[PDB]
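Residues per chain are reported as follows:
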Amino acid sequence: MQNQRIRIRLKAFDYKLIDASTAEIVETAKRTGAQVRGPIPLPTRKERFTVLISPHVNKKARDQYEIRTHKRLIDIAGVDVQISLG
Amino acid sequence: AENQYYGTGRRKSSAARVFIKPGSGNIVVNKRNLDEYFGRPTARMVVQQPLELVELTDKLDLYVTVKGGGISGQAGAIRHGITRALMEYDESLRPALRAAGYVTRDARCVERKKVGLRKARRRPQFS
Amino acid sequence: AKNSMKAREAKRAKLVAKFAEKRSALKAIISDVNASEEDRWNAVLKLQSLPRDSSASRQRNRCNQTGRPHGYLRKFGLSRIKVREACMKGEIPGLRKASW
Amino acid sequence: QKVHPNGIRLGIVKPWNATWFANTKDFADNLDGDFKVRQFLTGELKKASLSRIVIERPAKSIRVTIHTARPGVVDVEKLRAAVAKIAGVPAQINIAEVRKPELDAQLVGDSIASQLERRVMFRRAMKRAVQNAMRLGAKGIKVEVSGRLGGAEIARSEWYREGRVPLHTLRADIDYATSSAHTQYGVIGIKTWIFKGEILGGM
RNA sequence: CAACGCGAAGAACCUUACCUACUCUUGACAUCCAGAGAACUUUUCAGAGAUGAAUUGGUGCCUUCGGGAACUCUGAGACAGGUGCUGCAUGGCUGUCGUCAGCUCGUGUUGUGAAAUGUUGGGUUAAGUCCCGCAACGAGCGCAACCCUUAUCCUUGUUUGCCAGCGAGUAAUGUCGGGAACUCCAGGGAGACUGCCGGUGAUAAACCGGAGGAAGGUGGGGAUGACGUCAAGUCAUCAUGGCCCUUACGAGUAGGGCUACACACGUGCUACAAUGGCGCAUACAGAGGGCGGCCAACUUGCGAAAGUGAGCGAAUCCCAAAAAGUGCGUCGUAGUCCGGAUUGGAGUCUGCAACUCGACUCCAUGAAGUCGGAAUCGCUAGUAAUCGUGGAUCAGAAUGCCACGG
């Protein structure tokens, strides 16, 4: 019988909000009838941006920002759910 | 499992999974052989150094899987893997290996490039 | 930027959405390996005639909050200067200062 | 010279004014939307004591939060409708009272800014703010007014500090805000710091 | 010093601020007001183009129904516009001393007073660090800590990653059943405190050494820059007082230019060779990017590439090959099997367009250079040196820059 698991892929810029949401799901699935086999940390992306800090010159003067993106797989505002019934 | 002693060992960006078995000097690296993996001899010495010390060179079978880094990195990763493997066997093999600077994980890893610098330390030349 | 330099780029963006299909089609004749060399020339001819500003190459990505032509970043759409001022104020989500 | 107080503490003790996940495509549009929304709301709520516009994007929508000293002054339907237009997505607008509005760096500076635009003594405005804050229970406060002060031909920068303002302490809950008094002599900057006590335990 | 691979994280056009020429003045851009036309859509002539005049289809919304909108156009004058000037009128931002250990205040005391004291002194510390002394006693900004990362361990979980023990395969494949061990990934914890021992010192601070320990005395690196100094930089990111220009210092377009070169300097890259070149064989990374994107495979081409065709919005697919290394030959130490400039010629690719002025490929051409005066720069350890690799900007264009490992 063709398997139809629920590969959920949460993506967020905050790991605590992603963790709030991993609980939300797993809890609910457990508050119904569903095994989760879940939250599976997938490697956190880290975009980085070395911007010049001065309005004019001063090239060595520079700030470096990052946007880390956390991603969790559960295999049944800020969080990006992507349910994949396969 | 068998009498399969296991120890991890890291060095620079390399990580050796080192499995040890009662045996007769069968050193295996990533399904190649000790000398068939590392060429220049240092490496294979370095791997053996803790074996040479405990004096089980040809009383042991090494099933080493190592990833990451380079030759020296991997060599050193395994040395550290075996050190931990050897102390997984006899728990009072420590002082020998400890005092031979084998038990220490060498934390030294590449220093990051830094804005305004060519590298970690190297500055631009100046007028 | 000067208000005209901003205006020039609004127009360009208008003129690229307008002619995308036509340009792309023409270009996809100045190319087709098993096309006619004669029709190939006619495709070349029509693409000389379309408004130059309909070329997307002729767009300079500019800062959305100002119009700084240099120092751009696509992820955000702002110049370095505005990216920073936004980040510090906490207005770009996820983006903080980074050390490692 | 000095890092932005809100900048360094984002993630540590200071929350974000925008919470939405976007992938690169959308990210830059979402950012430009937010700017338009902020620029609009700020431009309308000039006499509503606005501090902080928090812009969520819950799925395909935009929730705003006008944190304000004057939930009364906020009309809301028109704002909701106007934001919904600019964003091009079903907008909500929520309101939050700034309960103690003289322990809010943004308002404190906006106050001083107004006062300096009405031609008040810069020392008078600065000093009253410091006192009100330290009375309402600021663990400290700095205010630095910079410009042509009392329309001086040479710009200077005066600042008063009462209490602690431990800027290098990251666990410190420091509220910062620049304002600008636009006057006949020129722009006059009002930086305001307000230390409301180190937050042990993280964010 | 703290300008000179700096603004510029990428000048063919665009960018662009400049120039020459052609063009327009309520204007390229904005609000207001009135009237007209939906918007738009072809297709066409002229022109370098901007624009102008001709050419068809469409003419919907919202209904008070002379109405809503909205867009287009023209007219009105208020206004618009200015990368014009002033950074010595400013805000904001930045460099610098320098992550140097300082800079100060309240109260008290001393002095006619400017002021002093605290903050000095004895030790100590990376540190105005700490401890003793002491008319000072307290406090603030700095120091340190709190943050990120990296060393080791535990716990929770296990796919797109893993493969110890598992059985079954394939030309090989973790291939695939299966495993949750391990590497790893990521959330939560543990750990380092001079805590412990010995010695030293004022029994102080602390210092020297030792044990344990992945780690030892701030473990390593990053972030974090006191009060101020230089009327330091930036009115050209933006903002802004004033000033100035408003048929022009505003606006549109086309072609030039910023790429010019007698030369000087700054910063780089590549060399001068055998610790090398060259051919062949063969091994080990980290990090990152990707939808008008990254492009597998196949076929074609010497090749750039082109056909052509998957997969992948990504621990899945792709970029993608590590290179220094190792193994074996060859060169035989010289202007060479060093070096790669320059130029001729034939191309590919991006783009409306590569003449000025792109990159790349192929063929040939094979310059300077034989380790560099005085002088001067960087570096104290996973550092320097060397080796490749990725990224932003980006149609195309990286010896720069940011970053990653060997």
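Reading the values: rules and limits
- Residues numbered from 1 in each chain as written, not as in the entry; some residues may be left out.
- Chains lettered and ligands numbered in written order.
- Part of a larger assembly, values for the part shown.
- Heavy atoms only, no water.
- Residues with missing side-chain atoms left out of burial classes, pairs and counts.
- UniProt positions renumbered as here; feature names shortened; annotations may be inferred.
- Helix = DSSP H or I, 4+ residues; strand = E, 2+ residues; numbered from the N terminus.
- Buried < 20%, exposed > 50% of the residue type's maximum accessible area, 1.4 Å probe, protein only.
- Areas by Shrake-Rupley, 256 points an atom, 1.4 Å probe, with all protein chains shown as cover.
- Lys, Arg positive; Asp, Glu negative; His and termini not counted.
- Charge placed at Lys NZ, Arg CZ, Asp CG, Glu CD.
- Expected span 1.5 Å × (residues − 1).
- Arc of directions from axis to C-beta.
- Contact = heavy atoms within 4.5 Å.
- Nonpolar A, V, L, I, M, F, W, Y, C, P; charged D, E, K, R; others polar.
- Salt bridge = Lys/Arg side-chain N within 4 Å of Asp/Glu carboxyl O.
- Pairing = 2+ DSSP bridges.
- Axes fitted to C-alpha atoms, helices over the stretch in contact; angles between N-to-C directions.
- Near = heavy atom within 4 Å.
- Polar contact = N/O pair within 3.5 Å; in protein donor to acceptor, adjacent residues only side chain to side chain.
- Core = buried A, V, L, I, M, F, W, Y, C linked by side-chain atoms within 4.5 Å.
- Disulfide = S-S within 2.5 Å.
- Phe/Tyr/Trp six-rings, centres within 6.5 Å; stacked < 30°, edge-to-face > 60°.
- Buried area = accessible area lost by both parts, 1.4 Å probe.

The name recorded for chain B in the PDB entry is 30S ribosomal protein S9, from Vibrio natriegens. Database annotation for chain B, UniProt heading Sequence similarities (unreviewed entry): "Belongs to the universal ribosomal protein uS9 family."

Chain A is annotated in the PDB entry as 30S ribosomal protein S10 from Vibrio natriegens. Database annotation for chain A, UniProt heading Subunit (unreviewed entry): "Part of the 30S ribosomal subunit." Recorded in UniProt for chain A, the comment headed Sequence similarities (unreviewed entry) runs: "Belongs to the universal ribosomal protein uS10 family."

Let us look at the overall build of chain A. When helices and strands are counted, chain A shows one helix and five strands. When the helices and strands of chain A are listed from N to C terminus, the series reads β-α-β-β-β-β. Overall size of chain A, expressed as C-alpha extent along the three principal axes, is 65 × 25 × 20 Å. Within the span of chain A, comprising 86 residues, buried residues form 33% of the whole. Split by element, the accessible area of chain A, about 5600 Å² in all, is 50% carbon and sulfur. The distance from the centre of the 17 positive side-chain charges to the centre of the 9 negative ones in chain A is 7 Å.

With that settled, consider helix α5 (residues 122-136) of chain D. Helical geometry note: an α-helix holds 3.6 residues per turn, so side chains three or four residues apart project in the same direction. Residue and element names in this part refer to chain D. An ideal rise of 1.5 Å per residue puts 21 Å on 15 residues; α5 measures up with 21 Å between its terminal C-alpha atoms. For α5, the complete set of buried residues consists of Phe 122, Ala 125, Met 126, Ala 129, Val 130, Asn 132 and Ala 133. Across the axial projection of α5, the buried residues extend over an arc of 170°, all falling on one side. Among the exposed residues of α5, those oriented more than 90 degrees off its buried face are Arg 124, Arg 128 and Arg 135. Positive phi shows up at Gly 137, right after α5, with a value of about 110°.

Time to look at the interface of chain D and chain A. Chain D puts 10 residues into the contact, and the matching count from chain A is nine residues. In terms of residue class, the side of chain D that touches chain A is made up of six nonpolar, two polar and two charged.

The next thing to look at is the pattern of salt bridges. Scanning the model with the defined rule gives 33 salt bridges over all chains in all. Across the pair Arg 31 of chain A and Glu 27 of chain A runs a salt bridge whose closest N-O atoms are separated by 3.6 Å. With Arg 31 of chain A and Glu 27 of chain A both in helix α1 (residues 15-31) and four residues apart, this pair spans about one turn of that helix. For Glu 27 of chain A, a relative accessible area of 38% gives the class partly exposed. Here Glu 47 of chain A and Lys 75 of chain C are joined by a salt bridge, their closest N and O atoms 2.9 Å apart. Placement of the pair is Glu 47 of chain A in strand β2 (residues 40-52) and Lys 75 of chain C in the loop between α2 (37-49) and α3 (80-89), with the two residues belonging to separate chains. In this structure, a network of salt bridges that share partners links the residues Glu 9, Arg 12, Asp 53, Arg 58 and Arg 62 of chain C.

Sheet strands pair via backbone hydrogen bonds, and the direction of the pair is either parallel or antiparallel. All names here are of chain B. The five strands are arranged β1-β2-β5-β3-β4 in an open sheet whose pairing can be described as mixed. A single partner strand is all that each edge strand has here, and the edge strands are β1 (5-11) and β4 (32-33). On top of the sheet, helix α3 (residues 71-89) reaches β1, β2 (14-22), β3 (26-29) and β5 (60-67); it is set at about 145° to β1, its chief contact.

Moving on to the protein's contact with RNA strand E. With respect to spatial proximity, 149 residues lie near RNA strand E, and among them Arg 62 and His 70 of chain A, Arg 10 of chain B, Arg 58 of chain C together with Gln 184 of chain D are the closest. Here, RNA strand E places atoms within 4 Å of the protein, and 80% of those atoms are sugar or phosphate. In the environment of RNA strand E, a phosphate oxygen lies 2.7 Å from a nitrogen or oxygen atom belonging to the backbone of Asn 3 of chain C. Within the contact set of RNA strand E, a phosphate oxygen lies 2.9 Å away from a side-chain nitrogen or oxygen of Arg 23 of chain C. For the surface near RNA strand E, the element with the most residues is helix α1 (residues 3-27) of chain C, which contributes 11 residues.

Attention now moves to the nonpolar core. Counting residues in hydrophobic clusters, the biggest one holds 28 residues, and the most contacted among them are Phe 38, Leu 62, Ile 78, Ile 82 and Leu 86 of chain B. Of all the elements in the fold, those that place two or more residues in this core are β2, β3, α1 (34-37), α2 (42-54), β5 and α3 of chain B. Of the residues forming this core, the biggest block, seven residues, is contributed by α3 of chain B. The contact partners of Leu 86 of chain B, leaving out residues within four places of it in the chain, are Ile 20, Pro 50, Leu 51, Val 54, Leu 60, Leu 93 and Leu 97 of chain B. The next biggest cluster of nonpolar side chains, apart from the first, holds 22 residues, and it includes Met 126, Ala 129, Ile 188 and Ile 190 of chain D.

A word on the state of the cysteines. All chains considered together, the criterion is met by zero disulfides over all chains. The structure places no disulfide on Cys 87 of chain C, whose sulfur is separated from the nearest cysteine sulfur, that of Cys 63 of chain C, by 15 Å.

A few words now on unusual backbone geometry. Of note, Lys 31 of chain B is a non-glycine position whose phi angle comes to about 70°, a positive value. Mapped onto the secondary structure, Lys 31 of chain B falls in the loop between β3 and β4. Backbone geometry places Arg 52 of chain D, a non-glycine residue, at a positive phi of 80°. Along the polypeptide, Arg 52 of chain D turns up in strand β2 (residues 50-56). Judged by its relative accessible area of 35%, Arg 52 of chain D is partly exposed.

Here the focus is the packing of aromatic side chains. Residue and element names in this part refer to chain B. Counted according to the given criterion, the structure contains nine aromatic pairs over all chains. Ring geometry for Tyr 5 versus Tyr 89: centroids 5.4 Å apart, planes at 80°, classification edge-to-face. Of this pair, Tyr 5 sits in strand β1 while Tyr 89 sits in helix α3; the two residues are 84 residues apart in sequence, bridging distant segments of the chain. Judged by relative accessible area, which is 43%, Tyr 89 ranks as partly exposed.

Now for the pairing of strand β7 (residues 172-182) of chain D. Residue and element names in this part refer to chain D. With eight of 11 residues buried, β7 is to be regarded as a mostly interior element. In this structure, β7 lies alongside strand β8 (residues 187-198), joined through 10 bridges in antiparallel fashion. Within β8, the residue paired with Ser 180 across the bridge is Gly 189.

A common way to report how large an interface is uses the accessible area buried once the components associate. With 18 residues of chain C at the interface, the matching set in chain D holds 20 residues. With both chains or domains summed, chain C and chain D bury close to 1700 Å², and 62% of this area falls on carbon and sulfur atoms. On the chain C side of the interface with chain D, the three residues burying the most area are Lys 75, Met 88 and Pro 93 of chain C, jointly 34% of the side's total. For the interface between chain C and chain D, the tally reads one salt bridge. Here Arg 38 of chain D makes a salt bridge to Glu 91 of chain C, at a shortest N to O gap of 4.0 Å. Our count for the chain C to chain D interface comes out at seven residue pairs in polar contact. Where the side of chain C that touches chain D is concerned, the elements lending two or more residues are α3 and β1 (96-97) of chain C. Looking at the side of chain C that touches chain D, the element that brings in the most residues is α3 of chain C, giving three residues. The residue inventory of the side of chain C that touches chain D, partitioned by class, reads seven nonpolar, five polar and six charged.

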